[PDB]
Structure formats: C-alpha cells, structure tokens
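S.K.: Here is the input, now give the coordinates:
(one chain, ligands or ions: 3)
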Amino acid sequence: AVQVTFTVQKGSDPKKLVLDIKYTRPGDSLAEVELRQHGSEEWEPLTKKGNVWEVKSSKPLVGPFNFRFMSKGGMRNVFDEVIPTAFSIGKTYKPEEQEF
Ligand SMILES: [Cl-]
Ligand SMILES: [Cl-]
Ligand SMILES: [Cl-]
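M.R.: Numbers count the residues shown, from 1 in each chain. Ligands and ions are numbered 1, 2, ... in the order given. See below for the structure:
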C-alpha cells in the first residue's frame, strides 16, 4: 500500500509550502509530487530540495490542498484535501493509507 505523511516545515507561509513528505511504498519510491489548489484544475509540480519538497506561488495558496504522487515504478496516488489552508508549522498531516 502507499502510506504518506506531510510535515509542514519552518519557512512555509501563505505563499509557500515546504513539506517533509514521507512516502512509503514497498520496493518503490517517490518520483513526482504535484499540488492542486482548492478550486483550481491544474496540478502544480513541487520541487524536491533534499529532504523536503517545495511549492511557491506569487499569491497566497488556496486550500485545502490536494497532492498527486507518481512513484518511480509508475504508481499514481492522489490524496485529497490533505492540508488545510490554515496549516501549521511543524504539524504533520497523515491521510489514510491507500491500499492498491
Ligand atoms: Cl495494498
Ligand atoms: Cl492545522
Ligand atoms: Cl499500491
């Protein structure tokens, strides 16, 4: 199954999400992560910066936030409304795991 946690890192603000994403899928690993803002139709790629993933906007981000994952093995998962607009530095958001 795919298990994930998202921890909001210091440096995040209304225009910037810095996320420690811990992605667990046996024998696989994360390749891509994208954000879809609430009321938006486009997926915006997060940039991997070492231990964390980042997405910035020129305007405040609109949540709750949805995330699309693509594993190296080509497994797709979408986790919906995982982080609220009014997210909190240092808090972890942990959606239900997704069994294949
Ligand atoms: Cl499973
Ligand atoms: Cl919160
Ligand atoms: Cl799976």
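S.K.: For stretch 78-89, which outside residues touch it?
M.R.: Stretch 78-89 is contacted from outside by 4, 6, 8-10, 12, 17, 38, 61-69, 93, 95, 98, using CB atoms under 8 Å, 6 or more residues apart in numbering. In short, each C-beta sits where N, CA and C put it, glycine included.
S.K.: 10 Å instead?
M.R.: Stretch 78-89 has contacts (CB atoms under 10 Å, 6 or more residues apart in numbering) with 2, 4-14, 17-19, 33-38, 43, 60-69, 91, 93-98.
S.K.: got the residues of this protein near ligand 1?
M.R.: Proximity of the chain to ligand 1 (CB under 5 Å from the ion) is limited to residues 1, 99, 100.
S.K.: Who wins on neighbours among those?
M.R.: Counting neighbours by other CB atoms under 10 Å, residue 1 leads these with 11 neighbours.
S.K.: OK, contacts around that one?
M.R.: By CB under 10 Å, 6+ apart, the residues touching residue 1 are 24, 25, 26, 77, 96, 97, 98, 99, 100.
S.K.: Please repeat the previous calculation with a cut-off of 6 Å.
M.R.: Contact partners of residue 1, counting by CB atoms under 6 Å, 6 or more residues apart in numbering, are 97, 99.
S.K.: Centre of the protein to the edge, which residue is at the far end?
M.R.: residue 27 (20.5 Å; CA atoms, centre = their mean).
S.K.: Give me the number of neighbouring residues for the nearest residue in space to that residue that is not next to it in sequence.
M.R.: Spatial nearest neighbour of residue 27, excluding adjacent residues (CB to CB, 6 or more residues apart in numbering): residue 73 at 7.3 Å. Using other CB under 10 Å, residue 73 has 10 neighbouring residues.
S.K.: which secondary structure element contains residue 73?
M.R.: If you go by DSSP states H and E, residue 73 is not part of any helix or strand.
S.K.: So it versus ligand 1, what's the distance?
M.R.: Distance, residue 73 to ligand 1, using CB to the ion, to the nearest Å: 14 Å.
S.K.: Could you do residue 36 as well?
M.R.: 24 Å.
S.K.: Can you tell me who that residue pairs with across the strands?
M.R.: Note on residue 36: beta-bridge partners residue 66, judged by DSSP bridges.
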